[PDB]
C-alpha cells in the first residue's frame, strides 16, 4: 500500500516464558482460607 | 545347534538416547517457508534478506580446502563446540 | 609427546567392564566437564516467503 | 566511577543482533551467574480458618 | 589460556570455547591437565671453558 | 566480601545474598569484577622540603 | 521482570537480520507482545553493560 516491502524468512516463535522467569513455586502450594463475609 | 551356550541374566535395555546427545533445541523451533516450485525456490534463497550460511561460517576463499562451520551451544554450562565440513577446490 | 603406561601400578590389561570401573575418575569426571545439553541454535536452511 | 569505551579495540556502534554476538562472554557468562530458578517461598496473604 | 585452536577454522574461538577448556582443566586431582615442572634437565656448556 | 547493601532495607543480607556476589565475581577471565592495582598515582610533598 | 537462564535466547543467530529482537516472532504468543521482546533485549544487553 504505497510502501515497498522486503522479503524475509519466518522468525522463531517465542512466548513470555522464553525470556522471563516464572517466580511461582511448583513444589510448595500455599493454601488459602475460605470466607465471603467482610466482618469475618 | 552344535554350539553350547552359557546361561546369563537379562540385560539393561538401552536406546540411542541413553548414550548420545540429541542436538536439537526444544525451546526454539525454526520455521520454514512454503514452496513447491523450483524456479521460485531459486528466488527465495537469493533474497538479500536471508542467509543460508553466515559469512563467519565460511572459509571458502582458500587455495583448496574450503570449510563451512557450525556451532553447538550447551544451554546449561554455556560451553560451545565448533564443527567444520571440508570441501575441495582442487 | 608423552606416552601412557602402567608405571609402578598394579594395573594390567583387563576387560572393558572391569577396566571402566577401574578408570573411575578419568572417565566419569572428564566426561562431566566436557558435556552440556548441546543444541543447534543456528540454521542452514533459510528461504524467504 | 569509571567510564566505558572502545579503547584500542576495533569496535564501533553496530546493530543489536551483530553486537550481542560480539558481546559473547559479557552477556552469556554474566547472565548465567545471575540466574537460578527463582521462586517465592513467602506469602503475603494469610488468613486464619 | 590453553592454546587449543582449530586449523582452517572459520570463527575466532570465543568465551564459550575457552570456557570448555577452563571447565576441563579444573577437574579433581588435576585429572584434566598435564603438569609442568622446572628442574635440571641438561647441562649447558659453560662459557669460556669445557 | 563485596559491599553490596540495600538502602532502607529490611533484612540483613544473608549467605544467599553474598553467594550471589560470589558467583558473579568468579566469572571466566574476571569478567564479573573491576580490577585494582597498587601503583604510583601521585606525588606527596616531602616532609620538611619542597 | 527477571530474565531467564533456562533457555539460550542469547545464542540464537540468524543470517542477514540486523536487529536482535527481529529474530523472534510474537504473533502467536498470547502472553507476550511486540514491546515485550524490545524490553527483554534491553535487559539482555544491560547485563553486559
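Annotations
- Copy-to-copy label distances for residue D:45, where each label lies 7 Å from Cα along Cα-to-Cβ, are 4.7 nm in order of increasing length.
- The residue of chain C whose Cβ sits closest to the rotation axis that maps C onto D, together with that distance in whole Å, is C:37, 9.
- Acute angle (nearest 10 degrees) that the helix C:24-33 long axis makes with the longest principal axis of chain C, alpha-carbon atoms: 20 degrees
- Ranked A:18, F:10, G:26, criterion: other C-beta atoms within 10 Å, fewest first: F:10, G:26, A:18
- Alpha-carbon geometry of chain F: the Rg and the Dmax are 18.7, 54 Å, given in that order.
- Cα centroid of chain C to Cα centroid of segment G:25-44, whole Å: 40 Å
- At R0 = 25 Å, FRET efficiency that the Cβ-Cβ distance of residue B:61 and residue B:32 yields, to 0.05: 0.25
- FRET efficiency, residue F:4 to residue D:6 (Cβ-Cβ, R0 35 Å, nearest 0.05): 0.80
- Among D:16, C:32, F:16, the ranking by other beta carbons within 10 Å of each residue's beta carbon, starting with the fewest, stands as F:16, C:32, D:16.
- In units of the rule-of-thumb radius 2.2 N^0.38 Å, chain G shows an alpha carbon radius of gyration of 1.15.
- For residue F:40, the label point sits 7 Å beyond Cα toward Cβ; its separations from the matching points on the remaining copies run 4.1 nm, from shortest to longest.
- Copies compared at residue F:29 - label distances in nm, ascending, label defined 7 Å from Cα in the Cβ direction: 3.3
- With the simple spin-label model, which puts each label point 7 Å out from Cα in the Cβ direction, the residue G:19 to residue G:38 separation comes to 0.7 nm.
- Cα-based shape type of chain A, given that a ≥ b ≥ c are square roots of the gyration tensor eigenvalues and the cut on a/c is 1.5: oblate
- Helix-only mean residue ellipticity at 222 nm for chain G, each DSSP H run of n ≥ 4 adding -39500 (n - 2.57), per residue, nearest 500: -10000 deg cm²/dmol
- Helix F:15-25 vs. chain F, principal-axis angle (Cα, 0 to 90°, nearest 10): 60 degrees
- Spatial separation of Cα centroids for segment B:1-74 and chain A, in angstrom: 32 Å
- Per-residue [θ]222 nm for chain C (sum of -39500 (n - 2.57) over DSSP H runs n ≥ 4, rounded to 500): -9500 deg cm²/dmol
- Residue-level result for chain E: its Cβ closest to the axis carrying E onto F, with that distance in Å, is E:26, 7.
- FRET efficiency, 1/(1 + (r/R0)^6) with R0 41 Å, evaluated for residue B:85 and residue F:17 via beta carbons: 0.30
- Each of E:8, F:1, B:53 was scored by other Cβ atoms within 10 Å of its Cβ. Listed from fewest to most, they are F:1, E:8, B:53.
Quick reminder, even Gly has a Cβ in these numbers, built from the backbone with ideal geometry, and neighbours come from all protein chains shown. No lab work stands behind these numbers, since they all come straight from the coordinates.
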